[PDB]
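Sequential numbering from 1 along the given sequence is applied to the chain's residues. Computation of the quantities below employed the complete heavy-atom set of this structure, encompassing side-chain atoms and omitting hydrogens, waters and symmetry-equivalent molecules.
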Amino acid sequence: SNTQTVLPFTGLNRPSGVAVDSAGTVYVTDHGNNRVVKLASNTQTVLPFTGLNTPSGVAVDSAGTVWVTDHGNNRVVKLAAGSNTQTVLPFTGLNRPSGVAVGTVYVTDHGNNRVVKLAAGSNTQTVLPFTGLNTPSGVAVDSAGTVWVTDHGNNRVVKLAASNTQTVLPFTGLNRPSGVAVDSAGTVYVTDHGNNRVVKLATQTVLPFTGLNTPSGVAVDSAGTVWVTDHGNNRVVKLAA
């Protein structure tokens, strides 16, 4: 499709993260309203998270568990499907965390220029051996265990195989990039926030979104639909394959 669809979310303010599950349910972090909203339906629902302050990244697994980076409280919180009690994950030492990806949980520890991993079960926390990161933003993980990070401060996207080798992806002309997503083909999508555009790397291509204003989050589903949080315009837009 060359024509986007604006999702029927209401009341968003400065939305940040976005995630999509296999059923096609869309979750958005409504940063300015300290809440997470979801759309299955033309009417959204607010998830029963509590005490969020300027939340940022969101992720969802196949069980429908939702993870949110509670940026302003330096923690990560999760809600299982159908539950009213949120769980604070045993991360330690976080400093203004940004993105989150998933039973292993990966978090961009923005303020500490590092990506942290929480091992499932053992809850051992380790720092992934990325190097030279500066104010990193989005994170994504694939089935192979490869981790992609938007190195926002350095205008690049870098990946690490499940390794002491990090690869700079050949994006070009990025300007304060934010979110990153990866589909089953290995196509990587980045929200080039400072340039009001979304780029993918199959050859770099600008997706044909119209009227974007400082886009933040990006998500892609198994059918290749791409969802973007158009932060500057308080809206969420999608492009079908």
Side-chain angles (χ1 to χ4, degrees), residues 4-13 15-41 43-73 75-89 97-108 137-142 148 150 178-183 189 191 198 209 215-231 233-240:
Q4 66 200 29
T5 291
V6 180
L7 282 69
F9 287 108
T10 85
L12 300 181
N13 181 267
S16 21
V18 55
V20 63
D21 67 13
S22 52
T25 299
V26 177
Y27 309 77
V28 173
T29 304
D30 191 10
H31 182 263
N33 291 312
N34 290 333
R35 62 179 189 166
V36 181
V37 296
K38 83 166 155 191
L39 201 71
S41 174
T43 301
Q44 83 206 18
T45 71
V46 181
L47 279 59
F49 286 116
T50 278
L52 305 178
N53 170 275
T54 64
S56 49
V58 59
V60 58
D61 69 13
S62 47
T65 298
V66 180
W67 287 261
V68 70
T69 300
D70 189 10
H71 175 263
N73 290 316
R75 66 182 179 173
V76 182
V77 186
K78 69 174 166 191
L79 264 179
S83 173
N84 231 353
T85 298
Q86 69 187 11
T87 302
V88 179
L89 274 69
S98 42
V100 60
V102 58
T104 317
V105 185
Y106 302 80
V107 171
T108 305
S137 43
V139 63
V141 64
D142 74 351
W148 286 263
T150 305
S178 58
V180 61
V182 192
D183 72 19
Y189 306 73
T191 43
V198 184
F209 289 110
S216 48
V218 56
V220 54
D221 76 352
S222 54
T225 306
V226 181
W227 289 264
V228 175
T229 294
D230 193 12
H231 186 262
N233 291 321
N234 295 309
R235 76 179 170 161
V236 180
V237 302
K238 66 155 156 201
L239 215 45

Next on the checklist: Can you confirm whether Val36 sits close enough to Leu52 that some side-chain heavy atom of one is under 4.5 Å from a side-chain heavy atom of the other?
Outcome noted: yes
Item to check | Value rounded to 0.5 Å, distance of OG1 in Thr85 from NZ in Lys78 | outcome: 13.0 Å
Checklist entry - When you look at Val107 and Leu89, which way does the side-chain contact (heavy atoms from CB on, under 4.5 Å) test go after all the steps? => result CA-CA 11 Å; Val107 171; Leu89 274 69; over 6 Å; no
Item to check | Distance, nearest 0.5 Å, that separates CG of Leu79 from OG1 of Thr50 | outcome: 8.5 Å
Checklist entry - Do you know which two heavy atoms are closest between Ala140 and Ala101, and how far apart they sit? => result CA-CB, 4.3 Å
Checklist entry - Atom CG of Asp70 and atom OG1 of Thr54: how far apart are they, to the nearest 0.5 Å? => result 7.0 Å
Item to check | Trace of the side chain to side chain donor-acceptor pair (under 3.5 Å) decision for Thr29 with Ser16 | outcome: CA-CA 5 Å; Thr29 304; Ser16 21; 4.6 Å; no
Checklist entry - Rounded to the nearest 0.5 Å, what separation is found between the CG atom of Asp30 and the CG atom of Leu12? => result 4.5 Å
Show the atom names and distances, to 0.1 Å, of all donor-acceptor pairs under 3.5 Å that link a side chain in residues 60-68 to residues at least two apart or in another chain.
unit_1	atom_1	unit_2	atom_2	d
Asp61	OD1	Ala63	N	3.0
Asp61	OD1	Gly64	N	3.2
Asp61	OD1	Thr65	N	2.9

Checklist outcome for this item: d(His31 NE2, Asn234 CG) to nearest 0.5 Å is 12.5 Å
Checklist entry - Quick one: side chain to side chain donor-acceptor pair (under 3.5 Å) partners of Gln86, sequence neighbours excluded? => result none
Checklist entry - Which heavy atom of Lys38 sits nearest a heavy atom of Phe9, and at what distance? => result C-CE2, 4.1 Å
Checklist entry - For residues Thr69 and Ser56, is any side-chain donor paired with an opposing acceptor at under 3.5 Å? => result no
